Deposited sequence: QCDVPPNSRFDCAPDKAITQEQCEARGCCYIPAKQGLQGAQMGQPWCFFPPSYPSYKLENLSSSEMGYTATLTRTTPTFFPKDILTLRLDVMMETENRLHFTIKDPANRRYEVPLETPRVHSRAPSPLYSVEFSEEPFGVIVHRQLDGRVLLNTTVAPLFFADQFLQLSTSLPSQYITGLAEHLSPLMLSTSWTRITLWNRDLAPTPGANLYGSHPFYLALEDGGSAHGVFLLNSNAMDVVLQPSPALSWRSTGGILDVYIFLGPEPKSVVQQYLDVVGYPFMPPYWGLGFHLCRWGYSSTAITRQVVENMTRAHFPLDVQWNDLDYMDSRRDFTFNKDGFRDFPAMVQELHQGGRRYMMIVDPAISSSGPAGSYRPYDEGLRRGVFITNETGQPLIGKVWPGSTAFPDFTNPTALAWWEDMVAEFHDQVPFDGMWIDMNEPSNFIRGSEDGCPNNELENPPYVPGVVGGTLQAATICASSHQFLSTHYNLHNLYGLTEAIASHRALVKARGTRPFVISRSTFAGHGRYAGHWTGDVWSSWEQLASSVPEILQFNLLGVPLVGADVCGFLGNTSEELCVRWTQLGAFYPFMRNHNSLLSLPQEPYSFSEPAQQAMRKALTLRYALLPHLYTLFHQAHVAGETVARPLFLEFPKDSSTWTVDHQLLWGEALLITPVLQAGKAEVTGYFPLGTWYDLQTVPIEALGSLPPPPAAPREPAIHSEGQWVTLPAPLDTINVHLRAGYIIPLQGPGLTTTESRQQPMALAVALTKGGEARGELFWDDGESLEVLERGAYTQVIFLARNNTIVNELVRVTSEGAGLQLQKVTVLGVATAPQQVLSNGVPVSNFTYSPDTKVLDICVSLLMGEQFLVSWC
């Protein structure tokens, strides 16, 4: 009975240190490890639930689950209901609930399948096969089902050692299965390994031998541990709610992500300007200093779309105010930014100063009157401590709080016309434990199982777990705090401005990308954090939050010039690109460095700006089809298993491979090149030529002034001319880069709209064009053409992989004004006067 191989031992004492005698008295097996792996573990006979009265419906299956012998946790729910819903050919959904009591559930809006589902009777389990090859994807029979009031555990075998997801943590893209405990409890902590960080996303994607994959989402917002072991297998261990489980069949990893996003929401479409460069620090302490940033960037020809402020603008660090010393003329500063074609962003905190004289601070006084705050045992506002001092915490599950937040945002916007909201401290972060008045002693504050959270308590760095919100207690709702503020702020900005919102949030939960973007928080200015930003940006793209990045050059500490060059090079490929800096750090704006470093930084921004029409098209694909913007090599080439562990390179979309230097003192880099021809993007004019790979590692020159970017053969990228803002760049002529296959084929596309309006796709207010290269011709195909796309000038076409110099180049049947061909690089560069919205044919021979 206790002959269980070491890797398949499931922990029977997750709750406390246990002796052999106590272990055996639990009905469990005791075998010390020989050097983590639990010593006390479940025999195959350990009491679980039994399946009874299974029946079938058009929808799927239902059954009763009964437990006869209590577990060692209090308040087992002995009778449960199983509902299995076979929702689409790719999505299976099951719930396990208490039929006798409504339990907390996360608020979320709603030929043969690829899966089959079977059941084990005793012990109970759910078994999910992939129909095509019979691979077992889920098998929950591997360990007991626990379902007690404050402890749910469900386990499964995994199909391979390769699993990604379960944000937010500082780790490789692929998670370690060597007895790893991953804790989801939103927490204000500077990113560091092994810790629960700012967000929680209870989703994983698991790879399968041969390159197929599936995904599993547990729709549960309670504090939870996910435990991975090397058999391989996984256990979800949550502290409340129900088991609400989705399985996404893929089979392609890209399809798994899209299917997940079909449930939680497709990413929101940002405004075009939001893809420009953003620049911020804590310490721009007046409007005069802040204006100097734009002046100094402009003088040195650095693009900058959006100027930001941190807390500096506020009156005594309070939301919806501005001080009358350094920021006396705040409204005029922001108006002037707009006059120059730029946008403005500033920090907003959730917590509202509660200490001012009554009647002197409207956000608090109104919030009090309307009952918008989270309250404590006696029904008064829970008071904690954040930047302004004593603060109350809005309850963004309360519809009245939603209205109050809309009003506060609209009123402040009437004074100062900011263009979005940077929402910070929304875990919610508390500088003291729980509240000024501590927390009561109850089961929510002191639960029977505490997940592996930093500080060993749910109260640490946050508010009391038993505090009251409109929908439920904070215990159940904590991991949604940031998300609910993001929803509230999205709506507030729609109402205040009437154009697309731009929200960047620290704390997140699954589905966040439907409303907002994210940055990775208070990362150190170190080579280590530069490198760790690549897997983290990739993770968030898999989780449907493509508008993500890290603070360029790092936030905490002092950057070095070399680090800031490399970070700016890589960071130009973050889908959200902002350089932000702490109060006590040395300056790190691009213009603050030496001339050579400035040149490298300028080149990085210039290239990003040239690529914006393409980056924006990629965001449109994310928004309409659940695609990723930045993606790991394995998403694009899953059938090449050498890609599975690669997380220090990234793709933009299908075709642009970025291979950054991530260490000090390097003048070369070694990166993986999937099967195909990869053209060096440096061979395209912007204002070894080709890697022929069999699927292999390649060492590339990478001096300080260089980042390696390659374009995949078969693809066409739209580009646009330069500007210091998107207001300027959007008016410039466009260009194509056309990467030919050996056989002469390529394809690409452009999506174009006005860059900020709401409901564009619903109203058809956009242009969509496909580009095709074939048989020594390049044409466009006009999927949709509207006024918004009209008048886009195409002035340059660059063709890569042209083997022989042409004797003639034609544009709509007329020999072109001029072209150049480089026999060394195989590049044909063609000057044209064409329109993206009008059918054209370019040819050469």
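Missing C-alpha coordinates mark the following deposited-sequence intervals, in order: 36-42, 118-124, 702-714.
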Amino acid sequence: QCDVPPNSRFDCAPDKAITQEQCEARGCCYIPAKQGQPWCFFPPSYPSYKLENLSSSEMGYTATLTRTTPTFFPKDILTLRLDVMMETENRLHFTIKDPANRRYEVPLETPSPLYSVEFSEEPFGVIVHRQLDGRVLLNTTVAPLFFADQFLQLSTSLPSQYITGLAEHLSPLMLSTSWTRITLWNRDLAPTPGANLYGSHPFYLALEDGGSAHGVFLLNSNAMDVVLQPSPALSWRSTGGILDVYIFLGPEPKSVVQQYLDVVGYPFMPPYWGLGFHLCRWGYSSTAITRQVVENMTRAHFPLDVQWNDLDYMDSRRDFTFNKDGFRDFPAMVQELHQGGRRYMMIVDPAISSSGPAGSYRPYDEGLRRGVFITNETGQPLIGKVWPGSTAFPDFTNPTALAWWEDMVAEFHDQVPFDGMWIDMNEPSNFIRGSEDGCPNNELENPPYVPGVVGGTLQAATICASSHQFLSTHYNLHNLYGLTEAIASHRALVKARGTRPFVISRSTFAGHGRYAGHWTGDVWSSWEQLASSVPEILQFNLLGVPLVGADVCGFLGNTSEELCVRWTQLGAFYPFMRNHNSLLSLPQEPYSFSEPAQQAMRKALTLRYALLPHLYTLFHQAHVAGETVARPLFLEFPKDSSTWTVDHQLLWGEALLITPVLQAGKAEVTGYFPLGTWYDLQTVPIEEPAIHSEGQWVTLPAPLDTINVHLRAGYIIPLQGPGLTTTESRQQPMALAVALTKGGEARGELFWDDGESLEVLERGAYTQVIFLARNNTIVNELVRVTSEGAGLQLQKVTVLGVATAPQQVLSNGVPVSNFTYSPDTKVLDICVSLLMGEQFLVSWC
From here on, numbers count along this sequence of modelled residues.
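Missing-residue comparison: residue 109 falls in the unmodelled set for a third or more of the other PDB entries checked. When the C-alpha B-factors of 351-359 and 756-764 are averaged, 756-764 comes out higher. As the entry records it, the average C-alpha temperature factor is higher for 703-711, out of 459-467 and 703-711. The entry assigns its greatest Cα B factor, within the set 367, 420, 210, 241, to 210. Of the candidates 476, 426, 585, 309, it is 585 whose Cα B-factor is highest according to the PDB record.
Annotation for residue 382: C-alpha temperature factor in the lowest third relative to the rest of the modelled chain, per the entry. When the modelled residues of the chain are ordered by their C-alpha B factor, residue 188 lands in the lowest third.
Per the deposited record, the Cα B-factor of residue 524 falls in the middle third when ranked against the other modelled residues of its chain. Remark: residue 745 belongs to the highest third of its chain, ranked by C-alpha B-factor as recorded. In this PDB entry, the Cα temperature factor of residue 179 sits in the top third of its chain's modelled residues, the highest group.
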